[PDB]
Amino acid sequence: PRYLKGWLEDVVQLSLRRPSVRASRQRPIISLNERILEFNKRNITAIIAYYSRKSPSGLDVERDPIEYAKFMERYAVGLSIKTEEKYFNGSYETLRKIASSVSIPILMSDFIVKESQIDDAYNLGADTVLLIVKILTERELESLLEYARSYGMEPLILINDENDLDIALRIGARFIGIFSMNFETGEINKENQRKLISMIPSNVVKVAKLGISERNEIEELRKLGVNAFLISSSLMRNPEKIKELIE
């Protein structure tokens, strides 16, 4: 990984030590990016619902993961499952149980810094993985992209700024998650998020992290080329809100 400071350094060190799983996959790879394109063609708003027991954002919600997943199966384009343990209270067992319970695409959201974590995602039933430009050297990012692609996954590449985008495009990203998160305030910079979206080629599938969980924001972004939306706290708090977001 890159050399880091603070809690990202900590979580990367934890991740490097994470024991791998041994399990045979007995679930198809259900492509998230393709399902998003399908929703776009059908004019159905495509929302990727997070399951996250905790978040550094103040998030502290206990709710049954299977009940949540089965509810979202009806509405969401896919699920994003936090599997990082220390800051998000995630677990591989929770991912496995969720994957064994629904047949919509599942993104394993963690801090992937070694190949065996991609093996873990595959073996546990996830359909793809998050890769984070800001924690990986360029060579690592390219290699891990290729390694995920070796399983038939297309990873979601997380960018937070223009430097991350330059790297992501150079290494061949085709599925990009645009955050533009400030870690002091914990707020999405909407202006910058929009600038980044405008800089992405038309042949990249684009997912925006939503801070403001409202229909009008979705409509503006969709107009600007965004294909799908990641939404976390508001859906963990009130799952049924997704219905009003998709109309």
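When you see a residue number, it is the position in the sequence shown, counting from 1.
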item	value
Of 220-228 and 7-15, the one with larger mean CA B-factor	220-228
Between 132-140 and 89-97 (mean CA B-factor, as deposited), the higher	89-97
Among 204, 208, 47, 44 - the residue whose C-alpha B-factor is largest in the record	44
Residue 2 CA temperature factor, ranked by third within the chain	lowest
Where the record places residue 29 (Cα B-factor, split into thirds across the chain)	middle
Chain-relative CA temperature factor third for residue 178	lowest
